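Chains as they are written, first to last, in UniProt numbering: chain E, 11 to 48; chain G, 5 to 23, 32 to 37, 41 to 45, 58 to 78; chain V, 36 to 302, 307 to 453; chain W, 14 to 111; chain B, 9 to 42; chain H, 79 to 94, 106 to 110; chain U, 43 to 255, 267 to 312, 338 to 477.
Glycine residues also receive a C-beta, built at the ideal position from the N, C-alpha and C atoms.
Here the structure is laid out as structure tokens; the discussion comes afterwards.
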Amino acid sequence: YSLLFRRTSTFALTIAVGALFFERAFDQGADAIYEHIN
Amino acid sequence: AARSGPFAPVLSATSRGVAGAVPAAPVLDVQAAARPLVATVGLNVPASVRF
Amino acid sequence: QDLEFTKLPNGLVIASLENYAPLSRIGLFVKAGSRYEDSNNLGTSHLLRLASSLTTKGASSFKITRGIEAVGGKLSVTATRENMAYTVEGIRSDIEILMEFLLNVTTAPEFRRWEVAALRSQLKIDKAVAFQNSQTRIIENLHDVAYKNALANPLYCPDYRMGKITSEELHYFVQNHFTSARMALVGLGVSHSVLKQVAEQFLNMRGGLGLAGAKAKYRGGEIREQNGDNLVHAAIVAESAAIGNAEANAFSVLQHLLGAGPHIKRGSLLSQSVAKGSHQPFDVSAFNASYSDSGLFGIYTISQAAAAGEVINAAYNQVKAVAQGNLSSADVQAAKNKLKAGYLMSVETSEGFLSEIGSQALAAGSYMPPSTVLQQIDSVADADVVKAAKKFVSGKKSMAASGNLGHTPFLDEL
Amino acid sequence: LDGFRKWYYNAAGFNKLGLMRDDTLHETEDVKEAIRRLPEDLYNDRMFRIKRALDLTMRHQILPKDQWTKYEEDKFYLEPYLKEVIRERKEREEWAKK
Amino acid sequence: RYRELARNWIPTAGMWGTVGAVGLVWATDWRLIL
Amino acid sequence: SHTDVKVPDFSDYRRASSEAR
Amino acid sequence: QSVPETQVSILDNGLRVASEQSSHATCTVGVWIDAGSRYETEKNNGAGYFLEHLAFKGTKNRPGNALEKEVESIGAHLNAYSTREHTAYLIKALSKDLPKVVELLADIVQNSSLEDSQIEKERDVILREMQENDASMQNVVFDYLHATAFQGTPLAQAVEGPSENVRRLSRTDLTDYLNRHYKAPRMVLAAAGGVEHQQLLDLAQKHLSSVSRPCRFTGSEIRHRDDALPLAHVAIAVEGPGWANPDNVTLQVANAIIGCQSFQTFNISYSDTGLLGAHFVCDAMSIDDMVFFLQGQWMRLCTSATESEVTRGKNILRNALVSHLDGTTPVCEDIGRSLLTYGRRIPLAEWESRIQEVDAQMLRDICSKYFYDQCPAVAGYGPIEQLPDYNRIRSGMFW
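Okay, structure coming up:
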């Protein structure tokens with residue numbers, strides 16, 4: 011809250027950065043799951 | 005002052021100038060004299076003053 | 036440092052006290068109340084009172100407002116029927132520009148027509164806020180029915196005169212009543228010298244005696260206002276002494292004998312005489328308003344409409360007892376103690392002290408030390424009080440009533 | 014320079030349609046303010062002048078020459094007032110920077 | 009007075025640009041830029 | 079007048106640290 | 043400033059007698075007591091108010107009207123008031139009368155007599171006035187800004203109490219509140235004006251030497278809709294730091310920056351809590367625009383202060399909070415609270431030092447600490463349909 015949830019500006023930064031990494035992470039995990047299923 | 009007692013703010017007025033609220037504090044289509064008033068109104072005929 | 040009251044040659048009465056206070060106060064007192072108007076310029080003093088933050092020759096409205104608020108100072112206007120007083124107060128390090136602003140406002144207004152056209156709506160709003168309580172309307176009605184010409188003029192602008200007051204009327208009023216012989220500049224927390232220097236850069240140019248007002252004439256009468264309020268307000272007064280007589284001291288002792296406000300929260308010969316007969320809620324006091332040519336003294340009652348009659352009668356009967364000599368010396372001594380304690384607590388505050396000095400200046404040109412007064416109030420004696428009473432009980436009365444007046448008596452019945 | 018001026022005047026033409034210089038000042042915020050302050054007469058007069066101009070333009074016509082404004086007669090009614098609006102406007106602005 | 013106002017936003021403004029920029033690189037999937 | 083009845087209790091809803110919340 | 047220091051000499055019982063001699067000839071001698079509606083436990087919610095009514099109706103020594111009579115004869119003004127935390131009984135009187143201004147006060151705090159007969163009448167008085175106390179819309183708004191902000195705590199309940207308790211109160215209950223919350227260590231005898239401290243200390247030793255020896270803010274909303282009223286009153290507050298918190302001063306400067339209609343600003347402080355906010359009365363149609371305006375301002379200070387305006391604020395504060403020669407009453411009052419809240423009288427030089435240390439950076443830091451992204455308490459009364467609900471005010475608490 012004191013870093014990314016105090017002022018809108020801070021909140022915005024974490025969103026951009028986190029989304030940046032989540033994208034690859036999600037695909038990577040999906041790879042395992044997809045390959046796992048198949 | 006001395007005379008004010010408890011009636012000062014009544015015999016005196018002080019504008020704030022620079023430093032309950034006011035409670036929201041018509042036009043109608045427009058001599059002789061001395062004939063006692065007799066106001067009249069009607070269902071059809073417009074009302075009138077007979078001053 | 037006793038007030039160094041000094042009268043400059045023109046007439047301005049400069050007075051000052053270096054109390055070495057953190058927050059000083061400088062006021063300027065003019066004999067330009069509402070009594071100096073006539074039937075052609077009614078309500079001009081109200082717009083003049085509300086026009087203190089207008090554009091002056093030397094500073095605009097924006098500059099005056101932002102400069103007084105920049106140092107956190109205060110500019111206020113207090114007005115009676117005789118006198119106007121423009122007061123500024125602030126830190127000692129900013130009172131030079133505060134005197135610049137105040138003396139510009141007093142001496143050199145512009146009175147632009149668009150500014151007063153914007154101010155007339157504020158005049159209506161201020162009148163509505165002032166007449167939100169019944170005491171103000173009943174005192175204005177009482178003065179209007181009591182006097183003929185001078186003191187009958189209202190403090191607040193009449194409803195028809197809003198939209199009709201012009202810049203020329205304000206300029207004429209200022210040029211005819213804001214002259215140096217009717218002005219006193221009073222400063223607490225300042226050096227007398229500076230008052231004088233500001234009294235030459237300003238306050239010295241307009242130096243006539245101005246336009247003399249008419250003598251106030253008593254008329255008598257009664258004006259009633261049926262408006263369906265829960266409580267009936269009624270003031271019954273008569274002509275009394277003026278400013279500058281010992282009979283005014285007798286009338287002040289008489290109101291403090293009859294009752295002049297509760298000393299105790301939630302709670307007087309009058310109060311006793313009403314309360315021995317009526318169990319309804321009530322508020323009975325003695326009213327005294329004395330101006331330099333004439334005074335009004337009487338009784339003021341607030342009561343339930345139903346009992347409004349006999350309560351008023353009871354209050355009136357009590358004054359008649361005082362007119363018959365039915366009083367004790369201990370009661371008069373207690374009245375004198377109440378009056379002198381009220382005077383000392385009125386002058387114990389800084390703005391009350393500045394007002395008092397101011398009033399004394401305009402009234403008698405001299406300062407009367409609090410001590411002097413104490414011995415003069417003491418001069419008033421029992422018989423003197425009785426005398427003032429008989430004046431009230433005999434002199435033609437003037438009655439202002441408001442409320443549900445179905446059981447409120449008239450003057451010929453009172 | 015008067016020659017130039019008068020000449021430009023006739024060239025501008027605002028004179029032909031019975032309109033003084035002031036009548037032809039765009040109604041910016043400030044101009045608008047000054048307009049309001051105008052004493053009623055000038056205002057009402059201003060209005061007729063403008064309304065008249067509009068009517069003439071409607072017919073693509075100009076007033077009879079005689080009725081044309083004269084470089085000399087032309088008075089600036091708003092100028093005195095406008096300056097004030099600008100002065101006050103600027104003062105408030107500088108104070109803002111304070 | 010304006011300088012103070014500017015100073016207050018200078019850093020935050022950069023923050024905002026940075027926020028968008030972070031997402032920008034991501035959105036652009038530009039490998040060349042960050 | 080305006081004091082006789084008090085705020086009805088929202089305890090049930092109340093999530094009986107604000108920064109964390 | 044050559045300020046007259048406030049010499050405060052304590053007593054055995056703990057009356058902590060204090061004084062600030064002044065040239066003024068009349069003086070104000072008062073008794074403060076650390077006892078309010080916060081110390082009441084919902085079974086005696088109007089005990090302090092009803093005792094404040096009964097305290098001038100006679101004591102053993104002054105049966106009947108004696109009290110009022112004498113304090114009237116002497117020529118003094120007798121006043122009393124009660125808040126949620128403090129109770130005050132003070133007399134304004136000619137200094138020479140201290141001898142009696144003090145003995146009278148002694149009776150009022152101890153040896154008081156609560157005639158049941160009188161008790162009956164005062165009950166009626168309080169009740170009836172309360173029936174009409176509803177006319178003071180502003181007080182209503184401010185006694186809900188308290189109820190909805192301090193739900194479930196003793197700070198929600200009003201000073202007057204609910205009519206219920208008023209009717210249901212008896213001498214013994216009162217006696218308890220009197221005997222429980224009128225202890226000598228929780229009492230200050232404050233004097234301001236023409237008084238000598240040694241004489242006042244001797245009078246306190248002679249009389250008055252007998253006196254016996267988790268509040269929480271809840272971000273919430275109360276909406277009293279009554280469309281027949283002409284004007285609407287809305288108060289929005291957040292949690293004030295407290296009485297002792299140092300940042301109070303940087304918050305007062307913030308209020309001095311802010312200063338639709340009747341848009342006042344308040345910093346009400348209680349023992350480590352408080353309400354900091356704004357109360358405004360406007361025609362219904364403009365309530366939302368006002369709110370928007372107001373929220374923008376708080377936000378302005380939080381991120382965009384200006385030394386110039388801070389100065390404007392420091393100066394207004396300076397001319398204020400002087401309580402010096404402002405009059406015996408005000409001064410005494412301040413001393414009265416200063417000994418109850420801070421435990422000492424803070425001089426005006428210390429106030430000036432704490433004002434001049436305030437700059438724009440710490441003002442926007444403290445304002446971001448107390449205003450930014452905080453859940454407010456909202457209290458509305460009148461035509462308040464266009465008053466926005468909690469999400470919109472919630473979102474307006476941040477940019």
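At a Cβ threshold of 9 Å, is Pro52/W touching chain V? yes
How should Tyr224/U be labelled, buried or exposed, when 16 other C-beta atoms within 10 angstroms of its C-beta is the threshold for buried? buried
So, helix, strand or coil for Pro144/V, using DSSP? Here DSSP, grouped into helix, strand and coil, assigns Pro144/V to strand.
Could you check which residue in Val302/U, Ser252/U, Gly352/U and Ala297/U has the C-alpha nearest to that of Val291/U? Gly352/U
According to the neighbour-count rule (16 or more other Cβ atoms, all chains shown, within 10 Å of its Cβ), is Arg222/U buried or exposed? Exposed, by the Cβ-count rule.
If you run the structure through DSSP and keep just helix, strand and coil, what is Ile161/U? DSSP, read as helix, strand or coil, puts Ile161/U in helix.
Quick one: Cα of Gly125/V to Cα of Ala400/V, how far? 23 Å
Does DSSP put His277/U in a helix, in a strand, or in coil? strand
Run through DSSP, which three-state label would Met218/V get? strand
I need the DSSP call for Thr41/V, collapsed to helix, strand or coil. Three-state DSSP puts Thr41/V in a strand.
Could you pull out every residue in the same chain whose Cβ sits closer than 6 Å to the Cβ of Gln319/V, ignoring the five residues on either side in sequence? So the qualifying residues of the chain are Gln343 and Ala346.
Between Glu206/U and the ligand PLP, is there a pair consisting of the residue's CB and a ligand heavy atom that are separated by less than 8 Å? Summarising the ligand content, the structure contains no ligands, and the ligand PLP is consequently not present.
Check each candidate in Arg423/U, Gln375/U, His277/U and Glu274/U and name the one with the smallest Cα separation from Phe476/U. If we check each option's Cα against that of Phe476/U, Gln375/U comes out closest.
In the DSSP assignment, what are the bridge partners of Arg60/V? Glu124/V and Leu223/V
Could you give the distance in angstroms between the alpha-carbon of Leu83/V and the alpha-carbon of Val164/V? 18 Å
First and last residue of the beta strand (DSSP E) that includes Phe321/V? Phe321 to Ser329
In three-state terms, what does DSSP make of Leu13/E? coil
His277/U vs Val359/U beta-carbon contact at 9 Å: no
Restricting to runs no shorter than 4 residues, where is the alpha helix (DSSP H) found entirely within the region 130–205 of chain V? 130–142, 148–165 and 169–181
With three or more beta-carbon pairs closer than 8 Å as the criterion, would you say the region 293–307 of chain U touches the region 427–436 of chain U? yes
Counting only C-beta atoms, is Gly460/U closer than 9 Å to chain V at any point? no
Closest to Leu132/U by C-alpha separation, out of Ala97/U, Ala108/U and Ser212/U, would be which residue? The candidate whose alpha carbon is nearest that of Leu132/U is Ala97/U.
Verify whether the separation of the beta carbon atoms of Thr406/U and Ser64/U is less than 9 Å. The answer is yes: Cβ separation under 9 Å.
Cα separation between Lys110/W and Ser386/U? Roughly 9 Å separates the two Cα atoms.
Can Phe370/U and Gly474/U be called in contact, C-beta distance under 9 Å? yes
Would you kindly check if the distance between the Cβ of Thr129/U and the Cβ of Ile168/U is under 9 Å? no
What number of angstroms, rounded off, separates the C-alpha of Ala22/E from the C-alpha of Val27/B? The straight-line gap from Cα to Cα measures roughly 6 Å.
Opposing strand residues paired with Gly460/U [DSSP bridges]: Answer is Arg278/U.
State the DSSP-derived secondary structure class of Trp108/W, mapped to helix, strand or coil. helix
Answer yes or no: does any C-beta atom of chain V fall closer than 9 Å to that of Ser115/U? yes
I'd like to know whether the C-beta of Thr24/E is nearer than 9 Å to at least one C-beta of chain U. Closer than 9 Å: no.
Out of curiosity, what's the CA-to-CA distance linking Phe208/V and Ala153/V? 20 Å
Ignore the nearest five residues each way along the sequence and tell me which others in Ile173/V's own chain have a CB closer than 7 Å to its CB. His268, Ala270, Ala439 and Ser441
Where does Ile299/V fall in DSSP's three states? strand
Who are the Cβ neighbours of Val45/U in its own chain at under 7 Å, not counting the five residues just before and after it? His402, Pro425, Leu426 and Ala427
Residues bridged to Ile63/W (per DSSP): For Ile63/W, which the question treats as bridged, DSSP gives no partner whatsoever.
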